[PDB]
Amino acid sequence: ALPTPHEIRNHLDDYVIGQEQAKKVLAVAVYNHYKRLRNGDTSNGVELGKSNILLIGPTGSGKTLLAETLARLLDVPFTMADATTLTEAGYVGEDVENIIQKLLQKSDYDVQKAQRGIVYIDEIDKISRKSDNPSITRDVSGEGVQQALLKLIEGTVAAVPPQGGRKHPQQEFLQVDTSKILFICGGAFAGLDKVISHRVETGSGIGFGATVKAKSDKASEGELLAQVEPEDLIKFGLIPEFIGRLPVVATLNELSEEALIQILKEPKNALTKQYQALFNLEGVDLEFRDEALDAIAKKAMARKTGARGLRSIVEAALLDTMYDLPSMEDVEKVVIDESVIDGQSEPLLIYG
Amino acid sequence: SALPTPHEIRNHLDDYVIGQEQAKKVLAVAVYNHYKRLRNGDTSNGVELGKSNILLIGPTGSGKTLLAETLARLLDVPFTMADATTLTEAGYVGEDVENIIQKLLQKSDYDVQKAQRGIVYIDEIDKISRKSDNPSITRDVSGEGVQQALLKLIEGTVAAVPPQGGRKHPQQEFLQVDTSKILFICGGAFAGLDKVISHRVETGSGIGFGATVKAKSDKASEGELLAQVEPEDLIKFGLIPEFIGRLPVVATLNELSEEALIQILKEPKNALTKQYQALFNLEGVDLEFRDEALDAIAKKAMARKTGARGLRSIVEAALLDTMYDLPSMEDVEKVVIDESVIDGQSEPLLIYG
Amino acid sequence: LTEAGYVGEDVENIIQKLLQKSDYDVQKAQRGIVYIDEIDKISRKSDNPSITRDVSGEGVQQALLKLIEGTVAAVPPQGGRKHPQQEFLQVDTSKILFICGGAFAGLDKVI
Amino acid sequence: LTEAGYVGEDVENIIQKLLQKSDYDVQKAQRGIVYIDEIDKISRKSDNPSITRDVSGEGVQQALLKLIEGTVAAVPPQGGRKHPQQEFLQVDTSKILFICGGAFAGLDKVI
Amino acid sequence: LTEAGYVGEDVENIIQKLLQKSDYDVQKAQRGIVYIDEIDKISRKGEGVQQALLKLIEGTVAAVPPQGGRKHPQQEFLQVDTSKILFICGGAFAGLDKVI
Amino acid sequence: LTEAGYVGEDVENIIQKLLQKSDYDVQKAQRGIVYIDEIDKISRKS
Amino acid sequence: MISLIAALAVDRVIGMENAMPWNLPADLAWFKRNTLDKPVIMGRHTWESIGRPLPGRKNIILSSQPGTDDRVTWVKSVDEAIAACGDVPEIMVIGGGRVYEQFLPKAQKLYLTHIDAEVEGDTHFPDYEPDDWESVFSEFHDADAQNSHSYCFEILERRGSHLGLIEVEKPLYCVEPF
Amino acid sequence: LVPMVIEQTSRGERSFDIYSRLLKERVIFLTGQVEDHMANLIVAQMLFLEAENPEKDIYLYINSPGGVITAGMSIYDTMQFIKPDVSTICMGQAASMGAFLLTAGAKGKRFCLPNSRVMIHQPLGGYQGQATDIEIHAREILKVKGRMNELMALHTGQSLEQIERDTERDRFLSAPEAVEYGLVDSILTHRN
Ligand SMILES: CN(Cc1cnc2nc(N)nc(N)c2n1)c1ccc(C(=O)N[C@@H](CCC(=O)O)C(=O)O)cc1
Ligand SMILES: Nc1ncnc2c1ncn2[C@@H]1O[C@H](COP(=O)(O)OP(=O)(O)OP(=O)(O)O)[C@@H](O)[C@H]1O
Ligand SMILES: Nc1ncnc2c1ncn2[C@@H]1O[C@H](COP(=O)(O)OP(=O)(O)OP(=O)(O)O)[C@@H](O)[C@H]1O
Ligand SMILES: [Mg+2]
Ligand SMILES: [Mg+2]
């Protein structure tokens, strides 16, 4: 039988760490989509609709990771896109219809399979117009792409170019309905926190009755992002029509030191495991002390780049080691301690 | 012919659309007036009557597209929906307005008569408004370039009929059914027009004791401003004056109210409440929506400013947690949603069974 | 380089160059190295308000985010012998090491 | 000349004019001399803070850093009898002398 | 007219109009008499527009967009030497009388 | 109306609109009149 | 969705009426490959050079005169010809100069084959500048036994490119009591 | 000399005087003797702020020792006329006009620093001339006293009789004592 949201969440926890809301939203969406496909006979007068998600989270949170993780377990055709390449129709840039073409290729030209798929339009925050104010020039890559997608999210018949997908000998426009295709958008929306603060926090001024926080008690990006409303997204530069087609708005939370520590070893393809593979394929063991992981997390948080910061800190700590060790002989293991992460000491190589 | 009257079709449009009384009348009167000329063609009348091309201007989630779709169901003439965001100037790689007529022929079943009696709903007409202030280097291949092409179709051109269905033989059956006898309905939300209209009707404010200072709540909504729209406002928005002139009747929708939103939740054939109940019953659980919750949901949706679409957001959120654990837990018969759940202070009670 | 939909170049031509060197061998090109010089000239003029699209600055940064990390680029099938008539070659950029470079004149003051 | 992606001209035109005089022979064009007049008009107007993007000034200076030194430029399709368009003639500007003349009105005071 | 990089019509455009009147010919255009006008009012505090024209008037080859009679068959953009065109630049210098 | 045989509307269309009106007779065509309107809009203050 | 597949030679000397001055088999292969299973609008002059009906294609000769054959579709106007193709996803124009000149303004793609051989043809392809034609596919071959001279292929799509703006600022001016 | 400060905005940095900078934050200063010239200046500021945002409160600081009554009745009428609530903060001293303009603030938005002093007395005047004119001027000053006494009773909550018995002679009230009469509502001691 179909898998339950709990089961799906488990598969999404092997790779992601610390995003409970996004995992539930995506799980029910997939669950609903699965039953909306199984129940194709429509044994009710109602014509069951679809809800599109809009992942709004900070950098290095797991937006793209979740999308990739989903494609591993699901069976229906899944595709990924990039809003930076898409442009309005009639320009050198890519066309929105190309998305369906890529979905058809993964569906093996089975329109029925493609007609019920899941799309992931990434970098949806880059097509946001400068502001709600009118655009003096044609925003080919901005508004243009938004206005072009409006029909695709609610549903329409797209004329994919002939001889597409798997079918090579075809000379007739194939038709695919976009009314049952779950479009999961996603962006970083850098600068939205300020817009939200201007609404959720007012009174800031000079005087005895004004408000001052000193940035210690001020709300964090995650806290502010969890209060996002359509009015804010409009100011950020998303036309109201586009927001309407994205009812569900799931917000990710800025990873914490505790979460970063778990991401270094718990995930399926955790950072630590990646490096151990390198040292191991050459013939040397690698291990990280628990105290080291804690130190790395503190440094990464200061970089303000999310989980990406970890890779930088790790590469530096083992830079010299990875430069001289390939020539070293009679070495079997390396040990990274807290001292190495701060530079006071150098990794102790166990000779043998 | 002309069996249904404007009142009749209005009663048919109310089954799917809740509200927009003036819009329904305009769409009804125009459709009936255009149909009467179609009954007899020229009606052996010397004077030439003007067309009734409609211009639907309403907020997001008001029912613009819904009206066109439901109207097509009760109509018999061919109806083809076109999106103005995919149409480009002639020659470029994007679609051309000419294929709109071709699509109509497919729906018309290649019947020249039916073809010249169809209705063409051109959605998103507000996305082609020329904005670039004297570029002088590039081409508006998605703006003014398309507005001029549309003028030709609504003001007359040839629509040569090829024998698409019948096996193409060396025979020319093209009689050129002029497109002037086609009712063009152009929709669009015209986001920003309210500001334009405000300036023209702006009373003007001062600083003294005799000035007109009004609070934000004391101002007028886009619905009220849109109702007072005039052709001059559409030109400032970026529409050719000749283009708007071809569309004499403008139907202005009004932002849905709490009452209208409450009705949309249960009255419509495929309302949200019924949609969620269907999937909840597909699993084997009954869904019950208290009337108190319905008004609460409407209050929140009114603030999202996304029209009827806001309803799906509020509902999906409230049931997120439930829909996550419900498919796994057993011994559950019914679920009841109360006002407290919507606010977020309570958890939906379950009728264990 | 310039944002998509503008007269300038695009971030996909970089793969074309890499392809030519690899002799249009997608497998070889997928495991290549790239060096983007002058990466300090596409910097965003943060002091200006976000009122215009920096097709030369921030526009190019937003386009490389998925390239430097990994995507499926669509390059024109151009070359001496190209079997796909119009089936744009798909190249994965998840194994292509990018080595940016810039002079960053003025960064010393910021620090 | 202006930065890429704008209404003005591009720095690659300079190499196109050199082909018109070289009978569209890249080999010969790669061993020619150039003279860029009015090089004092592409200088920052004491705009060290870099408030906005000087597409006509600093922007042009940032585009010549590799043309004056050497790079494989993408010459516009053609201005002669070349039939194809995508050819995008590739010329190496690493053996092309580059003279630059200006008036530098005001430099006398600075000195 | 305006400098390069701006929305304002470029100086090269004047060469286009000149060739059109020439009926797609070089000999005639080479023996043509262009007449710039309203030279005043583009002076200092303007300077940029006067810098571009400063070269055209004293000889410069310019790419003539190939459009017109048979879309100008010549594939070399019908270049034309601007060192033989008599530039009769006029204008009503309002105020010069006082300066003098 | 826009630049003749360039970006925008083609002015040549106007001389063709009256060509059929003149039954493809150059004589009658020359005797025709072209009523241009809304010229105050395209006037500069480009 | 019209196309104008041709075999343009130096200085765009199509030479369609007069028998092909090169007879390159490869050029015909490119033609065949990109024109099979789709309608092929042509001209009466071009139809007199091939003679036999092209197999697998909906031949549509645009001849003002009445139809002389019954194995190919016959049209007598440009507007009806495009309609006569139907709703096919891509149309190919193979007619001579007159045909090309009439369909080019409404053409989206161009399947050009640039032959290097120089001939004094009387008919020529229309002029097409390159800024508005964004190439997609290009192939370069070399002269061989069957192909007297070299032959290059190319495909283009009409697509527009936008340009940035001046990015002007709004200066402020302060006023004091005196 | 008034120091000049800079304010960073999206358009750029602008230099304004300290008082003008605070005006942008809806802060009006009432310092020194009250007269027609300074009264009109405050009236203009109140009207200007109302147009900018008729829903945001206005703060009026009061460090004045008193002044002309007529000058202070214009400010009072202007505060009661405009829609936004006008908050009043006593800073150091508040005499008859200052205290009358301190209790006239919006209910719930009146403040008095911990070491501030408030003094309330009856109107002062005088006239030299014929007996007939003295009577005319005497009756008018007695109407202003009754009128001002009634307005204070309305804004403080005390009975008119008490106000008459407490304003006959100078009455000094500390911040804690003002809260018990009604001239102010709360006392600001720290940010939080
Ligand atoms: C005279 N002529 C016109 C001709 C020739 N080459 C072209 N080449 C191109 N690229 N485009 C054209 N328009 C074109 N037209 C010809 C000559 C032969 C065939 C022909 O016999 N075609 C075969 C293919 C060749 C074969 O196998 O015999 C077919 O099946 O269509 C067609 C057109
Ligand atoms: N919660 C997490 N668990 C595991 N890995 C994570 C997590 N968050 C980020 N990562 C790491 O970050 C990378 C994924 O980046 P992510 O999907 O967050 O893109 P993004 O930064 O959100 O996109 P953008 O750059 O547009 O903001 C992966 O390499 C992964 O190792
Ligand atoms: N008056 C109404 N009665 C019933 N349902 C409505 C009404 N208005 C909106 N809806 C709901 O909104 C959805 C359709 O919205 P619609 O397409 O009419 O908005 P729109 O005005 O076309 O938006 P846009 O201006 O962005 O195109 C349907 O799911 C429908 O249930
Ligand atoms: Mg990402
Ligand atoms: Mg709609």
# chains A, B, ... in the order shown; residues from 1 in each chain; ligands from 1
>>> residues_near_ligand(ligand="ligand 2", cutoff="6 Å", atoms="only C-alpha atoms and all ligand atoms", output="MDAnalysis selection string")
chainID A and resid 15:18 58:65 123 187:188 263 307:308
>>> select_by_dssp(residues="stretch 6-192 of chain H", states="alpha helix (DSSP H)", output="CSV table (one decimal) with N, CA and C atoms, in the first residue's frame")
chain,number,residue,atom,x,y,z
H,18,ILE,N,19.9,68.4,15.3
H,18,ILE,CA,19.5,67.5,16.4
H,18,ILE,C,18.0,67.6,16.6
H,19,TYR,N,17.5,68.8,16.6
H,19,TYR,CA,16.0,69.0,16.8
H,19,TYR,C,15.2,68.5,15.6
H,20,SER,N,15.7,68.8,14.4
H,20,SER,CA,15.0,68.4,13.2
H,20,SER,C,15.0,66.9,13.1
H,21,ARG,N,16.1,66.2,13.5
H,21,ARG,CA,16.2,64.8,13.4
H,21,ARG,C,15.2,64.2,14.3
H,22,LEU,N,15.0,64.7,15.5
H,22,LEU,CA,14.0,64.2,16.4
H,22,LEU,C,12.6,64.5,15.9
H,23,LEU,N,12.4,65.5,15.2
H,23,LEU,CA,11.1,65.8,14.6
H,23,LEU,C,10.6,64.7,13.7
H,24,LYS,N,11.5,64.1,13.0
H,24,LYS,CA,11.1,63.0,12.1
H,24,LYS,C,10.6,61.9,12.9
H,36,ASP,N,3.6,83.7,21.8
H,36,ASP,CA,2.9,83.4,20.5
H,36,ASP,C,3.9,82.9,19.5
H,37,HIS,N,5.1,83.4,19.5
H,37,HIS,CA,6.1,83.0,18.5
H,37,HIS,C,6.4,81.5,18.6
H,38,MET,N,6.7,81.0,19.8
H,38,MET,CA,7.0,79.6,19.9
H,38,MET,C,5.8,78.7,19.9
H,39,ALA,N,4.6,79.3,20.3
H,39,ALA,CA,3.4,78.5,20.2
H,39,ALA,C,3.1,78.1,18.8
H,40,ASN,N,3.2,79.1,17.9
H,40,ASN,CA,2.9,78.9,16.5
H,40,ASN,C,3.8,77.8,15.9
H,41,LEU,N,5.1,77.9,16.4
H,41,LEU,CA,6.1,76.9,15.9
H,41,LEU,C,5.7,75.5,16.3
H,42,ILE,N,5.1,75.3,17.5
H,42,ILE,CA,4.7,74.0,17.9
H,42,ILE,C,3.5,73.6,17.2
H,43,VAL,N,2.5,74.5,17.0
H,43,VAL,CA,1.3,74.2,16.2
H,43,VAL,C,1.6,73.7,14.8
H,44,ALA,N,2.6,74.4,14.2
H,44,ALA,CA,3.0,74.0,12.8
H,44,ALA,C,3.6,72.6,12.8
H,45,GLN,N,4.4,72.2,13.8
H,45,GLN,CA,5.0,70.9,13.9
H,45,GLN,C,3.9,69.9,14.1
H,46,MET,N,2.9,70.1,14.9
H,46,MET,CA,1.8,69.2,15.2
H,46,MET,C,1.0,68.9,13.9
H,47,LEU,N,0.7,70.0,13.2
H,47,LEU,CA,0.0,69.9,11.9
H,47,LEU,C,0.7,69.1,10.9
H,48,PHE,N,2.1,69.4,10.8
H,48,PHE,CA,2.9,68.7,9.8
H,48,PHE,C,2.9,67.2,10.1
H,49,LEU,N,3.1,66.8,11.4
H,49,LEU,CA,3.2,65.4,11.7
H,49,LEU,C,1.9,64.7,11.5
H,50,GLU,N,0.7,65.4,11.7
H,50,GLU,CA,-0.6,64.8,11.5
H,50,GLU,C,-0.7,64.4,10.0
H,51,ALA,N,-0.3,65.2,9.1
H,51,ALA,CA,-0.4,64.9,7.7
H,51,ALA,C,0.4,63.7,7.3
H,52,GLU,N,1.6,63.7,7.8
H,52,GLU,CA,2.5,62.6,7.5
H,52,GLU,C,2.0,61.2,7.9
H,69,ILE,N,-1.1,82.7,28.7
H,69,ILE,CA,-2.2,81.7,28.7
H,69,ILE,C,-2.7,81.5,27.3
H,70,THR,N,-2.9,82.6,26.6
H,70,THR,CA,-3.4,82.5,25.2
H,70,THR,C,-2.5,81.7,24.3
H,71,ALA,N,-1.2,81.9,24.5
H,71,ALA,CA,-0.2,81.1,23.7
H,71,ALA,C,-0.4,79.6,24.0
H,72,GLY,N,-0.7,79.3,25.3
H,72,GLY,CA,-0.9,77.9,25.7
H,72,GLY,C,-2.3,77.3,25.4
H,73,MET,N,-3.3,78.1,25.0
H,73,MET,CA,-4.6,77.6,24.7
H,73,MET,C,-4.6,77.2,23.2
H,74,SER,N,-3.7,77.7,22.4
H,74,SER,CA,-3.7,77.4,21.0
H,74,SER,C,-3.1,75.9,20.9
H,75,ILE,N,-2.0,75.7,21.6
H,75,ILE,CA,-1.4,74.4,21.6
H,75,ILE,C,-2.4,73.3,22.1
H,76,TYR,N,-3.1,73.7,23.2
H,76,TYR,CA,-4.1,72.7,23.8
H,76,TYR,C,-5.2,72.4,22.8
H,77,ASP,N,-5.7,73.5,22.1
H,77,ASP,CA,-6.8,73.3,21.2
H,77,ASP,C,-6.3,72.5,20.0
H,78,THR,N,-5.0,72.7,19.6
H,78,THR,CA,-4.4,71.9,18.5
H,78,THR,C,-4.2,70.5,18.8
H,79,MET,N,-3.9,70.2,20.1
H,79,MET,CA,-3.7,68.8,20.5
H,79,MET,C,-5.0,68.0,20.5
H,80,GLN,N,-6.0,68.7,21.0
H,80,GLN,CA,-7.4,68.0,21.1
H,80,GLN,C,-8.0,67.9,19.7
H,81,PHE,N,-7.6,68.7,18.8
H,81,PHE,CA,-8.2,68.7,17.4
H,81,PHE,C,-7.6,67.6,16.6
H,96,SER,N,2.1,76.2,35.6
H,96,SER,CA,0.7,76.3,35.2
H,96,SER,C,0.4,75.9,33.7
H,97,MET,N,1.1,76.6,32.8
H,97,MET,CA,0.8,76.2,31.4
H,97,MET,C,1.4,74.9,31.0
H,98,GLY,N,2.6,74.6,31.6
H,98,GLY,CA,3.3,73.3,31.3
H,98,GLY,C,2.5,72.2,31.9
H,99,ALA,N,2.0,72.4,33.1
H,99,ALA,CA,1.2,71.3,33.7
H,99,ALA,C,-0.2,71.2,33.1
H,100,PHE,N,-0.8,72.3,32.6
H,100,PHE,CA,-2.0,72.3,31.9
H,100,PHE,C,-1.8,71.6,30.6
H,101,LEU,N,-0.7,71.7,30.0
H,101,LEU,CA,-0.3,71.0,28.7
H,101,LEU,C,0.3,69.7,29.0
H,102,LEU,N,0.4,69.2,30.2
H,102,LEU,CA,0.9,67.9,30.6
H,102,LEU,C,-0.2,67.0,30.9
H,103,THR,N,-1.3,67.5,31.5
H,103,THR,CA,-2.4,66.7,31.8
H,103,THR,C,-3.4,66.6,30.6
H,131,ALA,N,-12.0,102.6,36.2
H,131,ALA,CA,-12.7,101.6,37.0
H,131,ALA,C,-13.6,100.8,36.1
H,132,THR,N,-14.3,101.4,35.1
H,132,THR,CA,-15.2,100.7,34.2
H,132,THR,C,-14.4,99.6,33.4
H,133,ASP,N,-13.1,100.0,33.0
H,133,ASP,CA,-12.3,99.0,32.2
H,133,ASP,C,-11.8,98.0,33.1
H,134,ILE,N,-11.4,98.3,34.3
H,134,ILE,CA,-10.9,97.3,35.3
H,134,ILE,C,-11.9,96.2,35.5
H,135,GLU,N,-13.2,96.6,35.6
H,135,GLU,CA,-14.3,95.6,35.8
H,135,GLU,C,-14.3,94.7,34.6
H,136,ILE,N,-14.2,95.2,33.4
H,136,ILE,CA,-14.3,94.4,32.2
H,136,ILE,C,-13.1,93.4,32.2
H,137,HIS,N,-11.9,93.9,32.4
H,137,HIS,CA,-10.8,93.0,32.5
H,137,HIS,C,-10.8,92.0,33.6
H,138,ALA,N,-11.4,92.4,34.8
H,138,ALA,CA,-11.5,91.6,35.9
H,138,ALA,C,-12.4,90.4,35.6
H,139,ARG,N,-13.6,90.7,35.0
H,139,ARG,CA,-14.5,89.6,34.7
H,139,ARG,C,-13.9,88.6,33.7
H,140,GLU,N,-13.1,89.1,32.8
H,140,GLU,CA,-12.5,88.2,31.8
H,140,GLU,C,-11.5,87.2,32.4
H,141,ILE,N,-10.6,87.8,33.3
H,141,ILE,CA,-9.6,86.9,33.9
H,141,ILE,C,-10.3,85.9,34.8
H,142,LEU,N,-11.5,86.2,35.4
H,142,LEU,CA,-12.2,85.3,36.2
H,142,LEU,C,-12.8,84.2,35.4
H,143,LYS,N,-13.1,84.4,34.1
H,143,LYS,CA,-13.7,83.4,33.3
H,143,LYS,C,-12.6,82.4,32.8
H,144,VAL,N,-11.4,82.9,32.6
H,144,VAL,CA,-10.3,82.1,32.2
H,144,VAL,C,-9.9,81.1,33.3
H,145,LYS,N,-10.0,81.6,34.6
H,145,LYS,CA,-9.7,80.8,35.7
H,145,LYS,C,-10.7,79.6,35.8
H,146,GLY,N,-12.0,80.0,35.7
H,146,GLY,CA,-13.0,79.0,35.7
H,146,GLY,C,-12.9,78.0,34.6
H,147,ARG,N,-12.6,78.6,33.4
H,147,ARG,CA,-12.5,77.7,32.2
H,147,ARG,C,-11.3,76.8,32.3
H,148,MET,N,-10.2,77.3,32.8
H,148,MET,CA,-9.0,76.4,33.0
H,148,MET,C,-9.2,75.4,34.1
H,149,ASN,N,-9.9,75.9,35.2
H,149,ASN,CA,-10.1,74.9,36.3
H,149,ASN,C,-11.0,73.8,35.9
H,150,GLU,N,-12.0,74.1,35.0
H,150,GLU,CA,-12.9,73.0,34.5
H,150,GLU,C,-12.2,72.0,33.6
H,151,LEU,N,-11.3,72.5,32.7
H,151,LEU,CA,-10.5,71.7,31.8
H,151,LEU,C,-9.6,70.7,32.6
H,152,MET,N,-9.0,71.3,33.7
H,152,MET,CA,-8.1,70.4,34.5
H,152,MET,C,-8.9,69.3,35.2
H,153,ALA,N,-10.0,69.7,35.7
H,153,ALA,CA,-10.9,68.7,36.4
H,153,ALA,C,-11.3,67.6,35.5
H,154,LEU,N,-11.5,67.9,34.2
H,154,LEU,CA,-11.9,66.9,33.2
H,154,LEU,C,-10.7,66.0,32.9
H,155,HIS,N,-9.5,66.5,32.8
H,155,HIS,CA,-8.3,65.7,32.5
H,155,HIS,C,-7.7,65.0,33.7
H,156,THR,N,-7.9,65.5,34.9
H,156,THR,CA,-7.4,64.9,36.1
H,156,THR,C,-8.3,64.0,36.8
H,160,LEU,N,-14.3,69.9,40.7
H,160,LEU,CA,-14.0,71.3,40.4
H,160,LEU,C,-13.7,72.0,41.7
H,161,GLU,N,-14.4,71.7,42.8
H,161,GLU,CA,-14.2,72.3,44.1
H,161,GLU,C,-12.8,72.1,44.6
H,162,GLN,N,-12.3,70.9,44.4
H,162,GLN,CA,-10.9,70.6,44.9
H,162,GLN,C,-9.9,71.4,44.1
H,163,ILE,N,-10.1,71.5,42.8
H,163,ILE,CA,-9.2,72.2,41.9
H,163,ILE,C,-9.2,73.7,42.3
H,164,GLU,N,-10.3,74.2,42.7
H,164,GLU,CA,-10.4,75.6,43.2
H,164,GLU,C,-9.7,75.8,44.5
H,165,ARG,N,-9.7,74.8,45.4
H,165,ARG,CA,-9.1,74.9,46.7
H,165,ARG,C,-7.6,74.6,46.6
H,166,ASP,N,-7.1,73.9,45.5
H,166,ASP,CA,-5.7,73.5,45.4
H,166,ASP,C,-5.0,74.5,44.4
H,167,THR,N,-5.6,75.2,43.6
H,167,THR,CA,-5.0,76.2,42.7
H,167,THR,C,-5.0,77.6,43.2
H,175,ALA,N,6.5,63.9,41.1
H,175,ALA,CA,6.0,62.9,40.2
H,175,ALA,C,5.1,61.9,40.9
H,176,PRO,N,5.5,61.2,42.0
H,176,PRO,CA,4.6,60.3,42.6
H,176,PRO,C,3.3,60.9,43.1
H,177,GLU,N,3.3,62.1,43.5
H,177,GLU,CA,2.0,62.8,43.9
H,177,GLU,C,1.2,63.2,42.7
H,178,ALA,N,1.8,63.5,41.6
H,178,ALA,CA,1.0,63.8,40.4
H,178,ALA,C,0.1,62.6,39.9
H,179,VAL,N,0.7,61.4,40.1
H,179,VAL,CA,0.0,60.2,39.7
H,179,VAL,C,-1.3,60.1,40.4
H,180,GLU,N,-1.4,60.5,41.7
H,180,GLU,CA,-2.5,60.4,42.5
H,180,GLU,C,-3.6,61.4,42.2
H,181,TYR,N,-3.3,62.5,41.6
H,181,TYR,CA,-4.2,63.6,41.3
H,181,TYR,C,-4.8,63.3,39.9
>>> select_by_dssp(residues="chain E", states="strand (DSSP E or B)", output="list in words")
residues 33, 34, 61, 62, 80, 81, 86 and 87 of chain E
>>> write_last_selection(atoms="N, CA, C and O atoms", output="compact mmCIF listing (two decimals), in the first residue's frame")
# COMPACT_ATOMS: atom_id res chain seq x y z
N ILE E 33 26.35 67.42 -47.99
CA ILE E 33 26.49 68.57 -47.10
C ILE E 33 25.49 68.39 -45.96
O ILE E 33 24.33 68.78 -46.06
N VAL E 34 25.96 67.81 -44.86
CA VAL E 34 25.13 67.66 -43.68
C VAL E 34 25.03 69.01 -42.98
O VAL E 34 25.94 69.84 -43.08
N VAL E 61 35.61 56.65 -40.07
CA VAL E 61 34.86 55.63 -40.78
C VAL E 61 33.77 55.13 -39.83
O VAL E 61 34.02 54.96 -38.63
N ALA E 62 32.57 54.91 -40.35
CA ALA E 62 31.44 54.49 -39.52
C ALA E 62 30.65 53.38 -40.18
O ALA E 62 30.40 53.40 -41.39
N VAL E 80 31.70 54.30 -44.69
CA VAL E 80 31.81 55.58 -45.38
C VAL E 80 32.78 56.47 -44.62
O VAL E 80 32.68 56.61 -43.40
N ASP E 81 33.72 57.07 -45.35
CA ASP E 81 34.69 57.97 -44.76
C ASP E 81 34.02 59.32 -44.52
O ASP E 81 33.48 59.92 -45.45
N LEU E 86 31.08 68.07 -45.85
CA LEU E 86 31.09 69.44 -45.34
C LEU E 86 30.08 69.56 -44.20
O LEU E 86 28.87 69.52 -44.44
N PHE E 87 30.56 69.70 -42.97
CA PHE E 87 29.71 69.81 -41.79
C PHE E 87 29.39 71.28 -41.53
O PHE E 87 30.18 71.99 -40.90
>>> calpha_fit_rmsd(fixed="chain C", moving="chain D")
1.2 Å
>>> residues_near_ligand(ligand="ligand 5", cutoff="9 Å", atoms="only C-alpha atoms and all ligand atoms", output="list in words")
residues 150, 151, 154 and 241 of chain A; 60, 61, 62, 63, 64, 65, 66, 123, 124, 187, 188 and 189 of chain B
>>> write_last_selection(atoms="C-alpha atoms", output="short mmCIF file (atom, residue, chain, number, x, y, z; two decimals), in the first residue's frame")
data_model
loop_
_atom_site.label_atom_id
_atom_site.label_comp_id
_atom_site.auth_asym_id
_atom_site.auth_seq_id
_atom_site.Cartn_x
_atom_site.Cartn_y
_atom_site.Cartn_z
CA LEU A 150 0.93 31.63 -13.38
CA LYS A 151 -0.97 29.36 -15.75
CA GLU A 154 -3.04 26.49 -11.68
CA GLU A 241 -0.97 36.39 -8.49
CA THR B 60 -6.82 38.23 -7.73
CA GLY B 61 -9.04 35.33 -6.77
CA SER B 62 -12.19 37.28 -7.64
CA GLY B 63 -13.53 34.85 -10.27
CA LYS B 64 -12.42 36.24 -13.64
CA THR B 65 -11.23 32.92 -15.06
CA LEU B 66 -13.95 31.00 -13.21
CA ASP B 123 -6.53 36.02 -20.16
CA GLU B 124 -3.70 38.08 -18.64
CA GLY B 187 -9.38 39.38 -18.69
CA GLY B 188 -6.70 40.67 -16.37
CA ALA B 189 -6.10 41.84 -12.80
#
>>> interface_residues(of="chain G", to="chain D", cutoff="6 Å", atoms="only C-alpha atoms", output="VMD selection string")
chain G and resid 135 163 to 164
>>> write_last_selection(atoms="N, CA and C atoms", output="short mmCIF file (atom, residue, chain, number, x, y, z; two decimals), in the first residue's frame")
data_model
loop_
_atom_site.label_atom_id
_atom_site.label_comp_id
_atom_site.auth_asym_id
_atom_site.auth_seq_id
_atom_site.Cartn_x
_atom_site.Cartn_y
_atom_site.Cartn_z
N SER G 135 21.71 31.44 -33.04
CA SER G 135 22.01 30.09 -33.48
C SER G 135 21.84 29.09 -32.34
N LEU G 163 18.45 44.83 -22.99
CA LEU G 163 19.60 45.63 -22.63
C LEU G 163 19.33 46.42 -21.36
N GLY G 164 20.35 46.53 -20.52
CA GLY G 164 20.25 47.30 -19.29
C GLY G 164 19.90 48.75 -19.57
#
